[PDB]
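query.cif (mmCIF, C-alpha atoms and all ligand atoms) appears below.
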```
data_my_file
loop_
_atom_site.label_atom_id
_atom_site.label_comp_id
_atom_site.auth_asym_id
_atom_site.auth_seq_id
_atom_site.Cartn_x
_atom_site.Cartn_y
_atom_site.Cartn_z
CA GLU A 1 18.74 0.79 -14.41
CA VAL A 2 17.41 2.58 -11.32
CA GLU A 3 15.85 6.04 -11.56
CA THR A 4 15.75 8.26 -8.47
CA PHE A 5 13.06 10.92 -7.99
CA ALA A 6 12.34 13.62 -5.42
CA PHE A 7 8.95 13.62 -3.73
CA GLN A 8 6.91 16.78 -3.98
CA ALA A 9 7.63 18.85 -0.89
CA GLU A 10 4.11 18.31 0.46
CA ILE A 11 4.45 14.51 0.27
CA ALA A 12 7.89 14.60 1.88
CA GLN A 13 6.35 16.68 4.68
CA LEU A 14 3.53 14.15 5.10
CA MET A 15 6.00 11.27 5.29
CA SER A 16 8.09 13.08 7.91
CA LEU A 17 4.95 13.76 9.95
CA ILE A 18 3.95 10.09 9.87
CA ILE A 19 7.48 9.07 10.90
CA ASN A 20 7.97 11.72 13.59
CA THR A 21 4.59 12.19 15.29
CA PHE A 22 3.97 10.24 18.48
CA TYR A 23 0.91 8.12 17.69
CA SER A 24 0.40 4.72 19.30
CA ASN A 25 -2.54 3.47 17.14
CA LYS A 26 -0.24 2.28 14.35
CA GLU A 27 -2.33 -0.78 13.40
CA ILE A 28 -4.52 1.33 11.08
CA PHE A 29 -1.84 1.03 8.37
CA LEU A 30 -3.20 -2.42 7.51
CA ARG A 31 -6.79 -1.22 7.11
CA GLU A 32 -5.57 1.51 4.75
CA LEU A 33 -3.55 -0.84 2.53
CA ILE A 34 -6.33 -3.45 2.43
CA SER A 35 -8.79 -0.68 1.51
CA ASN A 36 -6.48 0.41 -1.31
CA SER A 37 -6.28 -3.18 -2.55
CA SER A 38 -10.08 -3.52 -2.41
CA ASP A 39 -10.48 -0.29 -4.38
CA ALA A 40 -8.03 -1.53 -7.04
CA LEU A 41 -9.90 -4.83 -7.27
CA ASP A 42 -13.16 -2.90 -7.70
CA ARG A 43 -11.55 -0.94 -10.53
CA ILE A 44 -10.39 -3.94 -12.57
CA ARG A 45 -13.68 -5.76 -11.97
CA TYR A 46 -15.72 -2.81 -13.23
CA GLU A 47 -13.45 -2.20 -16.22
CA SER A 48 -13.79 -5.90 -17.12
CA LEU A 49 -17.56 -5.47 -17.51
CA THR A 50 -16.90 -3.36 -20.61
CA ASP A 51 -13.72 -5.16 -21.76
CA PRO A 52 -13.56 -8.78 -20.53
CA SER A 53 -10.07 -9.21 -21.99
CA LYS A 54 -8.79 -7.08 -19.12
CA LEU A 55 -8.93 -10.25 -16.99
CA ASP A 56 -6.73 -12.15 -19.47
CA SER A 57 -3.90 -11.31 -17.05
CA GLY A 58 -5.74 -13.13 -14.24
CA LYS A 59 -9.35 -13.83 -13.32
CA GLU A 60 -8.82 -14.22 -9.57
CA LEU A 61 -9.67 -11.16 -7.45
CA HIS A 62 -8.15 -11.49 -4.00
CA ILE A 63 -5.91 -10.05 -1.28
CA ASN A 64 -3.09 -12.02 0.38
CA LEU A 65 -1.27 -11.01 3.58
CA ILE A 66 2.17 -12.62 3.75
CA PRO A 67 4.35 -12.26 6.86
CA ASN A 68 8.01 -13.27 6.65
CA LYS A 69 9.92 -13.23 9.93
CA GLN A 70 13.26 -14.06 8.28
CA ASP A 71 13.09 -10.94 6.08
CA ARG A 72 11.07 -8.96 8.65
CA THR A 73 8.51 -8.07 5.97
CA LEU A 74 4.73 -7.98 5.77
CA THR A 75 3.47 -8.03 2.18
CA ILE A 76 -0.04 -6.99 1.10
CA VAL A 77 -0.70 -8.61 -2.31
CA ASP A 78 -3.71 -7.89 -4.51
CA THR A 79 -4.71 -8.81 -8.04
CA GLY A 80 -6.30 -5.43 -8.69
CA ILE A 81 -5.81 -3.00 -11.53
CA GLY A 82 -2.15 -2.23 -10.80
CA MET A 83 -0.24 0.96 -11.48
CA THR A 84 1.54 2.29 -14.55
CA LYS A 85 4.99 3.82 -14.61
CA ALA A 86 3.30 7.19 -15.20
CA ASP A 87 1.28 6.68 -12.02
CA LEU A 88 4.39 5.86 -9.98
CA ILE A 89 6.54 8.74 -11.19
CA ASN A 90 4.02 11.54 -11.79
CA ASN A 91 0.30 10.92 -11.41
CA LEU A 92 0.24 9.71 -7.80
CA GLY A 93 2.23 12.64 -6.42
CA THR A 94 0.32 15.16 -8.53
CA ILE A 95 -3.14 14.03 -7.42
CA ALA A 96 -2.12 13.48 -3.79
CA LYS A 97 -0.93 17.05 -3.10
CA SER A 98 -4.46 18.35 -2.47
CA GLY A 99 -5.37 15.44 -0.20
CA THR A 100 -2.12 15.88 1.71
CA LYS A 101 -2.78 19.59 2.25
CA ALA A 102 -6.35 18.91 3.42
CA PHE A 103 -5.15 16.15 5.75
CA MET A 104 -2.39 18.17 7.36
CA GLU A 105 -4.85 21.05 7.76
CA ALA A 106 -7.33 18.68 9.42
CA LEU A 107 -4.63 17.48 11.82
CA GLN A 108 -3.97 21.06 12.93
CA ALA A 109 -7.75 21.40 13.41
CA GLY A 110 -7.68 18.45 15.83
CA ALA A 111 -8.25 15.48 13.53
CA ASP A 112 -6.48 12.17 14.09
CA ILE A 113 -3.94 10.31 11.95
CA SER A 114 -6.45 7.46 11.68
CA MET A 115 -8.56 9.65 9.34
CA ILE A 116 -5.80 9.68 6.71
CA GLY A 117 -7.78 7.51 4.28
CA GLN A 118 -10.46 10.17 3.84
CA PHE A 119 -7.80 12.29 2.12
CA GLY A 120 -6.63 9.68 -0.39
CA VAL A 121 -3.16 9.29 1.10
CA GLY A 122 -3.63 6.35 3.45
CA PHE A 123 -0.84 4.49 1.62
CA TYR A 124 1.69 6.63 3.46
CA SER A 125 0.47 5.28 6.81
CA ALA A 126 2.72 2.35 5.87
CA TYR A 127 5.53 4.45 7.35
CA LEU A 128 3.96 4.13 10.81
CA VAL A 129 5.45 0.63 10.91
CA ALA A 130 7.88 0.36 7.96
CA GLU A 131 11.36 1.80 7.62
CA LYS A 132 11.25 1.05 3.87
CA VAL A 133 8.36 0.24 1.53
CA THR A 134 8.77 -1.59 -1.79
CA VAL A 135 5.83 -1.62 -4.21
CA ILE A 136 5.84 -4.19 -7.04
CA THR A 137 3.08 -3.48 -9.51
CA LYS A 138 1.81 -4.63 -12.90
CA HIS A 139 -0.90 -2.86 -14.91
CA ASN A 140 -2.37 -4.30 -18.10
CA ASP A 141 -1.05 -1.35 -20.11
CA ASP A 142 2.56 -1.42 -18.86
CA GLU A 143 5.45 -3.56 -17.62
CA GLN A 144 6.14 -4.74 -14.06
CA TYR A 145 7.83 -2.07 -11.94
CA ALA A 146 9.39 -1.83 -8.51
CA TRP A 147 8.95 1.44 -6.59
CA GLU A 148 10.83 1.89 -3.34
CA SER A 149 11.33 4.52 -0.66
CA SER A 150 12.85 4.79 2.79
CA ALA A 151 11.54 8.37 2.95
CA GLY A 152 14.21 10.99 3.29
CA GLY A 153 12.71 12.84 0.33
CA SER A 154 13.33 10.42 -2.55
CA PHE A 155 12.03 7.26 -4.13
CA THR A 156 13.29 4.95 -6.86
CA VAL A 157 11.59 3.24 -9.80
CA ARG A 158 13.05 0.36 -11.82
CA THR A 159 11.73 -2.36 -14.07
CA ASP A 160 11.19 -5.44 -11.93
CA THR A 161 12.92 -8.69 -12.85
CA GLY A 162 11.41 -10.74 -10.01
CA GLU A 163 8.61 -13.27 -10.27
CA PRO A 164 6.07 -12.02 -12.85
CA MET A 165 2.77 -11.14 -11.17
CA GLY A 166 0.35 -11.15 -14.09
CA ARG A 167 -1.55 -8.11 -12.75
CA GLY A 168 -1.85 -6.32 -9.43
CA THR A 169 0.21 -4.80 -6.66
CA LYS A 170 2.46 -6.03 -3.83
CA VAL A 171 3.18 -3.61 -1.00
CA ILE A 172 6.22 -4.94 0.86
CA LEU A 173 6.61 -3.42 4.32
CA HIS A 174 10.17 -3.66 5.67
CA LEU A 175 9.16 -3.37 9.31
CA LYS A 176 10.85 -1.23 11.92
CA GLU A 177 12.70 -3.26 14.55
CA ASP A 178 10.10 -2.52 17.24
CA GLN A 179 7.08 -3.25 15.01
CA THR A 180 7.50 -7.01 14.54
CA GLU A 181 4.13 -7.70 16.21
CA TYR A 182 2.64 -7.19 12.74
CA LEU A 183 4.31 -10.45 11.69
CA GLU A 184 2.31 -12.41 14.30
CA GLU A 185 -0.65 -14.43 13.04
CA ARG A 186 -2.80 -13.61 16.08
CA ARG A 187 -2.10 -9.89 15.76
CA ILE A 188 -2.85 -9.67 12.04
CA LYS A 189 -6.05 -11.70 12.51
CA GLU A 190 -7.13 -9.30 15.26
CA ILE A 191 -6.54 -6.26 13.04
CA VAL A 192 -8.33 -7.68 9.99
CA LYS A 193 -11.32 -8.67 12.12
CA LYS A 194 -11.46 -5.23 13.77
CA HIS A 195 -11.05 -3.03 10.68
CA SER A 196 -11.53 -5.06 7.48
CA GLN A 197 -14.30 -7.56 8.23
CA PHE A 198 -16.62 -6.46 5.38
CA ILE A 199 -14.09 -6.20 2.54
CA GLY A 200 -15.71 -7.87 -0.48
CA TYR A 201 -12.74 -9.97 -1.60
CA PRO A 202 -11.13 -13.00 0.03
CA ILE A 203 -8.33 -11.99 2.40
CA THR A 204 -5.95 -14.91 2.97
CA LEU A 205 -3.51 -14.58 5.86
CA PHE A 206 -0.55 -16.80 5.04
CA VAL A 207 1.23 -18.51 7.92
CA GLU A 208 4.86 -19.43 8.50
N1 LIG A 301 -3.03 -1.56 -4.30
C1 LIG A 301 -3.13 -0.57 -5.22
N2 LIG A 301 -3.44 -0.83 -6.51
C2 LIG A 301 -3.56 0.13 -7.44
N3 LIG A 301 -3.36 1.43 -7.19
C3 LIG A 301 -3.05 1.83 -5.94
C4 LIG A 301 -2.89 0.84 -4.87
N4 LIG A 301 -2.56 1.46 -3.73
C5 LIG A 301 -2.54 2.75 -4.11
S1 LIG A 301 -2.15 4.05 -3.01
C6 LIG A 301 -0.56 4.52 -3.41
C7 LIG A 301 0.38 3.55 -3.76
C8 LIG A 301 1.68 3.95 -4.04
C9 LIG A 301 2.04 5.36 -3.97
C10 LIG A 301 1.12 6.33 -3.62
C11 LIG A 301 -0.20 5.97 -3.32
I1 LIG A 301 -1.59 7.50 -2.78
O1 LIG A 301 3.37 5.44 -4.29
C12 LIG A 301 3.92 4.12 -4.47
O2 LIG A 301 2.77 3.21 -4.42
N5 LIG A 301 -2.81 3.02 -5.39
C13 LIG A 301 -2.83 4.31 -6.08
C14 LIG A 301 -4.12 5.09 -5.81
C15 LIG A 301 -5.29 4.47 -6.57
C16 LIG A 301 -6.54 5.32 -6.38
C17 LIG A 301 -6.28 6.73 -6.89
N6 LIG A 301 -5.19 7.36 -6.13
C18 LIG A 301 -4.91 8.70 -6.68
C19 LIG A 301 -6.02 9.72 -6.50
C20 LIG A 301 -6.99 9.88 -7.49
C21 LIG A 301 -8.00 10.82 -7.33
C22 LIG A 301 -8.05 11.62 -6.19
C23 LIG A 301 -7.07 11.47 -5.21
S2 LIG A 301 -7.13 12.38 -3.90
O3 LIG A 301 -7.62 13.69 -4.25
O4 LIG A 301 -8.02 11.79 -2.94
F1 LIG A 301 -5.72 12.52 -3.27
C24 LIG A 301 -6.06 10.52 -5.36
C25 LIG A 301 -3.95 6.57 -6.20
K K A 302 6.46 -10.63 3.31
NA NA A 303 -15.86 7.94 -0.61
#
```
Taking this structure as input, can you express it in the form of structure tokens?
Amino acid sequence: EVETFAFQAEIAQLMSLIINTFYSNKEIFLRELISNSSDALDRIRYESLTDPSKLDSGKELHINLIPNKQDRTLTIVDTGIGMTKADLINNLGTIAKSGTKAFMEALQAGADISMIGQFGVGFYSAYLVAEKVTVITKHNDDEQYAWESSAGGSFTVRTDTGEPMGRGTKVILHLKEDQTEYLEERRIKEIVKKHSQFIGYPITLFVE
């Protein structure tokens, strides 16, 4: 059973801006998603200090980058804290409205799209390179869900029947036809070295 939701108008506007603005420095999407993974790994690690059973769903704290040229997908996998259904349907859009407003204001004031992460909404930079984004996520307090959006003002949420993850988040980028450079080992290595060299978790770039 698939549920379809409308984005808040401000988030739909942000997604249209990211899709429509001419901006060549698209590679920053990967820094933003890796940063989000690192933050989610920090969260589960710190929570585990007070409740060690929170790692019963998996002790390993890592980030995997998985290109697939057959499917034309780049997947950013982490074993961080994950997201609840309530996050996916309500909490994320509610909290992000203020960051989105501040970001779009900053852009009019001359700021650059690369500053998007300072406003808490760097996830949406995925749409610089992806025509569709699928997020598979598992939080200790909830079931495994699949969120998906091709923009256009709506997203879907369903329970995920795929391979159980234990805990964490997979961001699956269905790349635009002209953005397949982000499936190349040499290109991903270059971007991780440039923007993500000090992330405090192992980043494994899978190869094909
Ligand atoms: N790998 C990851 N693992 C776990 N959780 C993650 C995450 N990746 C993201 S980002 C993501 C993923 C989405 C999505 C929207 C967004 I955004 O829809 C579909 O998938 N999250 C959510 C973040 C976590 C940090 C808090 N944050 C909300 C917030 C709190 C306080 C202030 C502000 S704010 O005032 O600064 F706007 C924002 C949402
Ligand atoms: K992939
Ligand atoms: Na900060």
Tell me, in Å to one decimal, how far atom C15 of ligand LIG 301 (chain A) is from atom CA of residue A:171.
13.0 Å
Excluding residue A:25 and any residue of its chain fewer than 4 positions from it, enumerate the residues within 12 Å of it, using all atoms listed in the file, and give them as a count of residues only.
14
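Across the structure, atom CA of residue A:75 and atom CA of residue A:173 are spaced 6.0 Å apart.
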Hey, could you make a per-residue contact list for chain A against ligand LIG 301 (chain A) with 8 Å as the cut-off, showing the nearest pair of atoms and its distance in Å to one decimal, counting all atoms listed in the file, sorted by chain and number, as a Markdown table?
```
| residue | atom | partner | partner_atom | distance |
| --- | --- | --- | --- | --- |
| A:33 | CA | A:LIG301 | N4 | 6.7 |
| A:34 | CA | A:LIG301 | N1 | 7.7 |
| A:36 | CA | A:LIG301 | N4 | 4.7 |
| A:37 | CA | A:LIG301 | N1 | 4.0 |
| A:38 | CA | A:LIG301 | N1 | 7.6 |
| A:39 | CA | A:LIG301 | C16 | 7.1 |
| A:40 | CA | A:LIG301 | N2 | 4.7 |
| A:41 | CA | A:LIG301 | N2 | 7.6 |
| A:77 | CA | A:LIG301 | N1 | 7.7 |
| A:78 | CA | A:LIG301 | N1 | 6.4 |
| A:80 | CA | A:LIG301 | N2 | 5.8 |
| A:81 | CA | A:LIG301 | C2 | 5.6 |
| A:82 | CA | A:LIG301 | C2 | 4.3 |
| A:83 | CA | A:LIG301 | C2 | 5.3 |
| A:87 | CA | A:LIG301 | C13 | 7.6 |
| A:88 | CA | A:LIG301 | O1 | 5.8 |
| A:91 | CA | A:LIG301 | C18 | 7.4 |
| A:92 | CA | A:LIG301 | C18 | 5.4 |
| A:93 | CA | A:LIG301 | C10 | 7.0 |
| A:95 | CA | A:LIG301 | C24 | 5.0 |
| A:96 | CA | A:LIG301 | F1 | 3.8 |
| A:97 | CA | A:LIG301 | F1 | 6.6 |
| A:98 | CA | A:LIG301 | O3 | 5.9 |
| A:99 | CA | A:LIG301 | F1 | 4.3 |
| A:100 | CA | A:LIG301 | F1 | 7.0 |
| A:118 | CA | A:LIG301 | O4 | 7.4 |
| A:119 | CA | A:LIG301 | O4 | 5.1 |
| A:120 | CA | A:LIG301 | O4 | 3.6 |
| A:121 | CA | A:LIG301 | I1 | 4.6 |
| A:122 | CA | A:LIG301 | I1 | 6.7 |
| A:123 | CA | A:LIG301 | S1 | 4.8 |
| A:124 | CA | A:LIG301 | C11 | 7.1 |
| A:134 | CA | A:LIG301 | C12 | 8.0 |
| A:135 | CA | A:LIG301 | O2 | 5.7 |
| A:137 | CA | A:LIG301 | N2 | 7.7 |
| A:147 | CA | A:LIG301 | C12 | 6.1 |
| A:148 | CA | A:LIG301 | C12 | 7.3 |
| A:168 | CA | A:LIG301 | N2 | 6.4 |
| A:169 | CA | A:LIG301 | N1 | 5.2 |
| A:170 | CA | A:LIG301 | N1 | 7.1 |
| A:171 | CA | A:LIG301 | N1 | 7.3 |
```
What do you get as an NGL selection string if you pick all residues at most 8 Å from ligand K 302 (chain A), counting all atoms listed in the file?
:A and (65-69 or 71-76 or 172-173)
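Interatomic distance, atom CA of residue A:2 against atom CA of residue A:152: 17.2 Å.
The nearest approach to ligand NA 303 (chain A) among the residues A:159, A:10, A:188, A:35, with all atoms listed in the file taken into account, belongs to A:35.
Nearest-residue note for residue A:157: choosing from A:23, A:89, A:44, A:94, the minimum distance belongs to A:89, counting all atoms listed in the file.
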